[PDB]
Structures are given as structure tokens and as C-alpha cells.
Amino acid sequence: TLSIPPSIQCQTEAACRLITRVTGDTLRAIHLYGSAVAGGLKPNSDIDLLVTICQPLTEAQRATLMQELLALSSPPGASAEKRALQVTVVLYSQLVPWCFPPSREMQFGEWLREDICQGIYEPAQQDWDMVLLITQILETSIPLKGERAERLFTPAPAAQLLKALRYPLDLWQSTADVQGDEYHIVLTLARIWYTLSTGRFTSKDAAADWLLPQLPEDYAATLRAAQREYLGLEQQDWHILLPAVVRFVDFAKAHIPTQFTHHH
């Protein structure tokens, strides 16, 4: 039985209590997922939460939830006891039965603090990553509210999981597509490659270790630098590394499988 890390139990309980109070009778479930449960919880890591609701939130509820989550969350790395929160809200009707691509009602995150602090909220929108979120939750998650994931959601067809995995791959193209997110994108490409090759999901760090000995050394050096920064061991100048990041992205677009090698 998967366990909530003691060091996030208090904050996680407070988030669960807030989400429960604001959503009320529409709440179907709350699931903890991501590196807190699957492994690889770093000092800058956020706490990943999926909220499943039955009906869309009112305009006032969205504002209440967004504003109060701001007070429960801190920028990543600002505090060892008050982590960044990521809260994704989805309609049950978008997942059972599946809609492809599924829509997400709402997303809270620290990368939106400046907008959210002004009352600017993302509307409901289509998100291919929701297929990957649910797939990961089906394997590794904890129900803070409601039923365990395997009793609530069904697996997506492999054909849709493939499309969800390759969607960001086709979108990363230019220097500006990757600028500001260099090591994140390099590591996520490693996780995508891993999943398409083995059918499984794994941590950012472990995916980098899996891919490294398979790469020509020039691409291994870029992956090693992204891994080393993510592990907090060295902050690179990613403006100098940008051309090598672009080459890494192109290499992954050329070499990552176009079909599962080993389904999920």
C-alpha cells in the first residue's frame, strides 16, 4: 500500500480539506499522484493533486478555490515545509466514458501565481496530458477522497496513449518552444522515450539513467547536464546550452519510437 510521505502529510491534508469544503456535493474524488507517491520527491518538487467533480464549478467557486489555493501553496524551493501545489480539476464525464482529448476544468499551479493573484484564470480546455495523468494515476496514486483510481477510471486505449505521448514531441520545434524550460524538456523527452520503449512510467532521474548509455556521447552530455541541474548539483547557463538543447530535441524527434515497442 502506497504511503503519503510524512513530510507532506500536513499540507496535503490542508489542501484536501480546502478542496472538499469548496466543491461540496459535486466532489467525486481527490487523488495524490506524481513524485510524492511514485518516487523522486526533490526539494523543488510540487505536490500533485487530481480533483474529479461531477458538475462544472460556478464562477464564484473557481475564484474561491484559486484564491485559497494561493495561500496554501508557495513557489517551488521557497520553503521545505510549504511546497508548491499543482491541482488539476476534471469532470468525471470527461473520463468515464473517455473523451479524446479530454478537457480539464481548471488548473492551479505556481507558474500561474501572477495571473491567479490578479483573478485571471485559465478556462476549461482540451489537454492531451490528461490521458497521461490518468494513466499514471491508475498505476500509482493514493485516494485522499473517494475511491481508489482503478475502481473509478478505466485505462485509455493504447492508440490514444500513444497520441498523448507523442503530442508534445511534435510541438517542441524552435528555440523559443524550449527556452525557459530546457532541463525540464530534456528530462521529459527521456521519460517519453522510456515509456514508448518499455510501456512503463518512471521518474525524471531514472529515465535519464535509462537513456544515457544509449545515446551518442554529444546527446548524453546534454542529458547529463539537465539531470545534474534537476538533482540540484549544478546550475548551467542554459542560454549557452540552447543550441545543444535544440539538437537534443531534434534527435529525440528522429529516434523516439512511433509505436509501442511492451504495451502499458
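Residue numbers here begin at 1 and follow the sequence given.
Chemist: Per the entry, how many residues of the deposited chain go unmodelled between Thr261 and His262: none, 1 to 3, 4 to 9, or 10 or more?
Modeler: Gap between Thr261 and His262: 1 to 3 residues without coordinates.
Chemist: Of 25-33 and 219-227, which one has the bigger average CA B-factor?
Modeler: The entry gives the higher C-alpha B-factor average to 25-33.
Chemist: Regarding 81-89 and 98-106, which shows the higher C-alpha temperature factor on average in the entry?
Modeler: 98-106 has the higher mean C-alpha B-factor.
Chemist: From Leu165, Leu189, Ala124, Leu133, which pick has the Cα B-factor that tops the rest in the entry?
Modeler: The C-alpha B-factor peaks, among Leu165, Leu189, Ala124, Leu133, at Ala124.
Chemist: Take the CA temperature factors straight from the PDB entry and tell me which of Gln55, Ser203, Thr52, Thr195 peaks.
Modeler: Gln55 has the highest C-alpha B-factor of those listed.
Chemist: Against its chain's modelled residues, does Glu234's Cα B factor rank lowest, middle or highest third?
Modeler: Ranked within chain, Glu234 CA B lands in the highest tercile.
Chemist: Relative to the other modelled residues in the chain, which third contains the C-alpha temperature factor of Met66: lowest, middle or highest?
Modeler: As the PDB entry reports it, the C-alpha B-factor of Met66 lands in the highest third of its chain.
Chemist: Looking at the C-alpha B-factor of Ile185, is it in the lowest, middle or highest third of its chain?
Modeler: For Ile185, the deposited C-alpha B-factor lands in the lowest third.
Chemist: Give the position of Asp46 by CA B-factor within its chain, expressed as the lowest, middle or highest third.
Modeler: For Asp46, whose C-alpha B-factor we compare with every modelled residue in the chain, the answer is the middle third.
Chemist: Tell me, lowest, middle or highest third: where does the Cα B factor of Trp172 rank within its chain?
Modeler: Its C-alpha B-factor belongs to the highest third of this chain's values.
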